[PDB]
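Order-wise, the sequence lines are chains W, F, P, G and Y.
What the first sequence shows, in the entry's author numbering, is residues 243 to 338, in sequence order.
What the second sequence shows, in the entry's author numbering, is residues 1 to 145, in sequence order.
What the third sequence shows, in the entry's author numbering, is residues 1 to 338, in sequence order.
What the fourth sequence shows, in the entry's author numbering, is residues 201 to 250, in sequence order.
What the fifth sequence shows, in the entry's author numbering, is residues 1 to 400, in sequence order.
Notes for the one structure printed next.
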Amino acid sequence: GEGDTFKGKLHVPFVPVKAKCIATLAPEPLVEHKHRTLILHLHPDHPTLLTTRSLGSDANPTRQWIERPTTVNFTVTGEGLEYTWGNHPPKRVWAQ
Amino acid sequence: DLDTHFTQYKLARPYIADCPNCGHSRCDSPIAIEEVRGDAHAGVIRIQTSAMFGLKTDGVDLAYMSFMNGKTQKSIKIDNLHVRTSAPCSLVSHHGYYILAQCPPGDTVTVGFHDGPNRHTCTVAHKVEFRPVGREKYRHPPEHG
Amino acid sequence: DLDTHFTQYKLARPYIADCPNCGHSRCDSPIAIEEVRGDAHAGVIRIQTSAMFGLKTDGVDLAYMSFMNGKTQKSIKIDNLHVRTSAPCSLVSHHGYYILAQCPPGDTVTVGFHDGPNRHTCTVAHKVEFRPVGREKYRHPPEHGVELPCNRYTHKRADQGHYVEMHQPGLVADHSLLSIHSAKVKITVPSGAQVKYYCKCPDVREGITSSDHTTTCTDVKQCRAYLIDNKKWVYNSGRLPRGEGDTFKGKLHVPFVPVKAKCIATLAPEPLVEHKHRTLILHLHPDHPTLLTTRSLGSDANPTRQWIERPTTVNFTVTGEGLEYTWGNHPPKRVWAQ
Amino acid sequence: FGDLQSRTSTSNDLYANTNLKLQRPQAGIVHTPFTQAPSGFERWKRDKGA
Amino acid sequence: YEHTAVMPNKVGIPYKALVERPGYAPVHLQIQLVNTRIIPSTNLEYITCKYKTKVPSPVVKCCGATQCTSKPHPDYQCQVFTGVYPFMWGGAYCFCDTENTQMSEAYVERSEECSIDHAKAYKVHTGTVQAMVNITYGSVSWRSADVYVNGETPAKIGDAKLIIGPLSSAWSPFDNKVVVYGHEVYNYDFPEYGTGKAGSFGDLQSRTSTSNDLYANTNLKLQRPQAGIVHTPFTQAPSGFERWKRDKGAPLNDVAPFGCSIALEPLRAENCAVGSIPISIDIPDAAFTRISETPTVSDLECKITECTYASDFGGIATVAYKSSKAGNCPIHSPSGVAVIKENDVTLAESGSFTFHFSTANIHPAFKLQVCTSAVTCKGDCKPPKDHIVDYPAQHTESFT
Ligand SMILES: *[C@@H]1O[C@H](CO)[C@@H](O[C@@H]2O[C@H](CO)[C@@H](O[C@@H]3O[C@H](CO)[C@@H](O)[C@H](O)[C@@H]3O)[C@H](O)[C@H]2NC(C)=O)[C@H](O)[C@H]1NC(C)=O
Ligand SMILES: *[C@@H]1O[C@H](CO)[C@@H](O)[C@H](O)[C@H]1NC(C)=O
Ligand SMILES: *[C@@H]1O[C@H](CO)[C@@H](O)[C@H](O)[C@H]1NC(C)=O
């Protein structure tokens, strides 16, 4: 309209907000221990990424989405290792 | 307490526009959509339709929609307000120009009501995807967790 | 004939449970979904809803359904029952708590009837895949082809292969029993059903009664409003509380037992054969991914198998011991060389 | 493979090492959520060798 | 009384040392670090989020041109088109065939979702670290002190007063540029304010959520409407904030070494086990007692019972005490070879009391100090086969 932009400032009906949705939880991995190495026997139901991070000076991180059931290994040094499988709470580990 | 929004209810009127894919071609549907905000996580989508549903002509019938047909508006029932994607969606709430619904992922979003003798549908091309919050890239809100 | 299964018909009654995504949120729908069984070959699905589909109140109306609306049930028609996935499905048969349908592949399953003024649907996150019988990874049953010994649910229901326990349901709360006697909270009864009853405050501690009144407490949100109604039994669902009294028997037959039927399977287009000295050349023009396998008949098997999707031409070194190959589900063929 | 093993189809005794752990019920809702490994027989039914 | 001592920086490891106070009975100490919050100084630069192309209604003169104006809207792209023949539901919109012109304008405005979801750029400085220390020394058995690391600030909770730090290592897991996304921290190098390339990170840059002005380089360009229809076809790069959200790297809270974790907070990196702390503490002389009161435990001997070459307290030993009077007696090993979980033992007349410890040597030859009585507990250890314990508490790995 060539005349003017009239008033009528109207509120947005549905404003996005930071609610709390319910998220899925992957089945707990089957942990198998060897000498100074951690074997994670796990079976993911849906593609989930697991992260590992050494507690020593060098992080040596590794992020890897996995879909098919797989067996992975990890060299747990005397400093220690921690891993986060899915959205489970993080867990740390020793070495002897 | 739903009578404290008369600025939207009374000062606004139904509206009509170029739907890009109204039915088989690009007609001028009364429910032409614009600015679909599919940026949430739980699969919910906010759609701003040209038709402004809400209260009836004066102040009542929250469960009625009011679109514009020809020169005039027409407040009727909301019987078959349909929102669709690759799979049919499910309505949640509607107010003014904006209707809140949740849809499965798909490449296009369609909106259509039912006057009763007429179909009156409209759609548009728009990517819709929903990655759940967390490290488990699922595709449907689970029962527990 | 159809009235020869009254173990389920009269003795069981549908109840209400906690659907994961009823309508738009987690409500308590009367069509709550349990035990989605997607294990058949031809994409056939069995669903166990908490609503009882099948006969009317006593023995009739196959075209009717019975759900539970609050503390009482109300049998209606099957007018607009629909089971839906990524694409709408096609129902085959309904009986008791179970529905049989043929669904397209998809990630979510929904069940919903239509009362007429309301939808009252439910859905659960549970993927349903298609697994084509044989070696030909199709997506829908073709109109022709060679048949194979598939496994599939039978549309018949008069079977006794398997049973599921049907104990007295647990009790249900109904706060709408808790009316007000002008100043005290007041409890009615559905038909003389057992009303377990007690409040936070000290008053009547058991409740095995007709319509009582409260002497002590005042708030309807501070009393137990329960209904032990095991005159009619319910499924051993994981969504209902279990009455601590005892677990009833009364196991009834599962409607649709899996059977070893024979489904039609697709037949891939035949290969174009071409040859050179001690060398088969094979031209393949698949329409859908089909497994090819080959096997040499000599002392060394030397097997080779690969899924092929795009049209391709492959070769094979054919020794005088001979070579076998099995394109799709066509009968295996074998050859010599010069 | 062999996550569930029975000595015969009629055998009332069986072995099932499936890592079945129960979970807290979410939001005061009456249900029995369980954390369960995917069916072992379903695996090797999609990736069986020749 | 002023016992200065360097301490390794670990959270769940005690420091049960012994004060060699002359003229009085020696008093054991015990220091634990609950938290090692770093809290580096930070300065916000800008916040980015998805944008929304708020396109106003087009201006359509039926017969005649209309020059556009350079409005001050951010990334205000305006262009006039010629030779248009718009239809609407009511028929063709004009009687002219060539003088029809459309004045279409569009500008970029930050999305409504920016109020909740938005990345935060941060440039950080060294800052000053803080710790919560628990000291259960002497007979008081408690403390709950929050302390700094600067080598000046005294902490005088309860009766004792002490000074902590400064840290031996200036290691900061945060880089000079830090990006915070809601709850996770990424050390992504945001370019600068007002310079973001279109499509990449920071295509839309706002100084603050309150700030009206912003920097929107989205490469937005309108184009001619097709086939005589009223709309505003605009071509722009996809939302740059949408990108880097589905392909961001691992969060810093998942790659920071030394077991350091972050939080939506002043950005402390707690439990950052690195370096040592030069701890100095002033014990009040009130806790000290006259040396002439402690019973004499001379002519005693130490016997090993069972030592495990492990990390948990697998080592046990019995001491043949030869005392005269009865009373409490602190126990501590000045050598770092073995660590004793036991803290206090009451002495009977020529009794024997077992105690637990842990070691890291096959044949541990460690001095044991028992309320002014030295004895060496030499023995042998055996490595374990089931390496399943809590995290190591011996913290004494060396040549063995
Ligand atoms: C400061 O550090 C000391 C030494 O680590 C802490 O001592 C420990 O305190 C816990 C309780 O917080 C004791 O364990 C608990 O004791 C109670 C009472 O016997 C018992 O009911 C619980 O089941 C539990 O065992 C623990 O024995 C004690 N000592 C050790 C060697 O761990 C102290 O709590 C810390 N103080 C503060 C304020 O954090
Ligand atoms: C992991 O350990 C298993 C143990 O059987 C071994 O077979 C496998 O090769 C190891 N994988 C790697 C990558 O070292
Ligand atoms: C044989 O195999 C090759 C690939 O190794 C293929 O390109 C070719 O068309 C085949 N034909 C012959 C030469 O036998």
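Note that beta-carbon positions come from the ideal geometry of N, C-alpha and C, so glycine has one too.
| Check | Outcome |
| --- | --- |
| Cβ-heavy atom distance, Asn-315 of chain W to ligand 2, below 6 Å | yes |
| Chain G residues whose Cβ lies nearer than 7 Å to that of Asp-203 of chain P | In chain order: nothing, as chain G lies at least about 25 Å away. |
| C-alpha distance - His-288 of chain P paired with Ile-45 of chain P, whole-angstrom precision | 24 Å |
| For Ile-291 of chain Y, the three-state DSSP class (helix, strand or coil) | helix |
| heavy atom of ligand 1 below 6 Å from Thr-136 of chain Y C-beta | yes |
| Closest Cα partner of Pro-30 of chain F within the set F:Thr-57, F:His-5, F:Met-65 and F:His-41 | F:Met-65 |
| For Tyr-9 of chain F, three-class secondary structure by DSSP | helix |
| Listed by chain order, chain P residues near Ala-250 of chain G by CB distance under 8 Å | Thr-293, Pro-303 and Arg-305 |
| Reduced DSSP secondary structure (H/G/I, E/B, other) of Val-319 of chain Y | strand |
| For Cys-22 of chain P, the nearest candidate out of F:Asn-21, F:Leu-81, F:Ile-78 and F:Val-92 (CA to CA) | F:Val-92 |
| Listed by chain order, chain G residues near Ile-264 of chain W by CB distance under 7 Å | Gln-226 |
| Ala-40 of chain F versus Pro-104 of chain F - alpha carbon distance | 13 Å |
| Coarse secondary structure for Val-220 of chain P, derived from DSSP in three states | helix |
| Contact with chain G by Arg-239 of chain P, beta-carbon distance below 7 Å | yes |
| Contact belief for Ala-160 of chain Y with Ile-281 of chain Y at Cβ below 8 Å, rounded distance in angstroms | 6 Å |
| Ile-281 of chain P: CB within 6 Å of a non-hydrogen atom of ligand 5 | No copy of ligand 5 occurs in the structure displayed; its ligands are ligand 1, ligand 2 and ligand 3 alone. |
| 8 Å contact criterion, which residue 340 of chain P and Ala-158 of chain P should meet: CB distance rounded | Residue 340 of chain P is absent from the model: chain P starts at 1 and stops at 338. |
| Counterpart residues of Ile-47 of chain P in DSSP-defined beta bridges | P:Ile-99 |
| Contact set between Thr-232 of chain G and chain P, taken where Cβ atoms lie within less than 9 Å | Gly-238 and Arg-239 |
| Near ligand 1: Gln-168 of chain P beta-carbon under 6 Å from a heavy atom | no |
| Collapsed DSSP secondary structure at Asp-1 of chain F in the structure displayed | coil |
| Cβ of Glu-184 of chain Y within 7 Å of any chain F Cβ | no |
| Nearest residue (CA-CA) to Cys-49 of chain Y, options Y:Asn-217, Y:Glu-349 and Y:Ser-292 | Y:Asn-217 |
| Every unbroken beta strand (DSSP E) inside the region 57-99 of chain Y [3 residues or more] | 59-61 and 77-82 |
| C-alpha distance - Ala-310 of chain Y paired with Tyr-148 of chain Y, whole-angstrom precision | 35 Å |
| Spatially closest choice to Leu-171 of chain P from P:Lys-232, P:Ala-265 and P:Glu-129, by CA coordinates | P:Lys-232 |
| Simplified DSSP state of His-395 of chain Y, which is helix, strand or coil | coil |
| Integer Cβ distance of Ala-198 of chain Y from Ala-237 of chain Y, believed to fall under 8 Å | 5 Å |
| Backbone CA spacing between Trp-244 of chain G and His-275 of chain W [nearest angstrom] | 25 Å |
| Where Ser-93 of chain P falls: helix, strand or coil (DSSP) | strand |
| Through-space distance from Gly-275 of chain Y to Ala-286 of chain Y, alpha-carbon basis | 33 Å |
| Cutoff 7 Å: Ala-337 of chain W Cβ touching any chain F Cβ | no |
| Residues near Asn-69 of chain P by beta carbon distance below 8 Å, same chain, minus five either side | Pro-30 |
| Residues bridged to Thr-108 of chain P [DSSP beta-bridge criterion] | P:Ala-125 |
| Three or more C-beta pairs below 8 Å linking the region 218-229 of chain Y and the region 98-116 of chain Y | yes |
| Contacting residues, own chain, Cβ-Cβ under 7 Å from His-387 of chain Y (five flanking each side not counted) | none |
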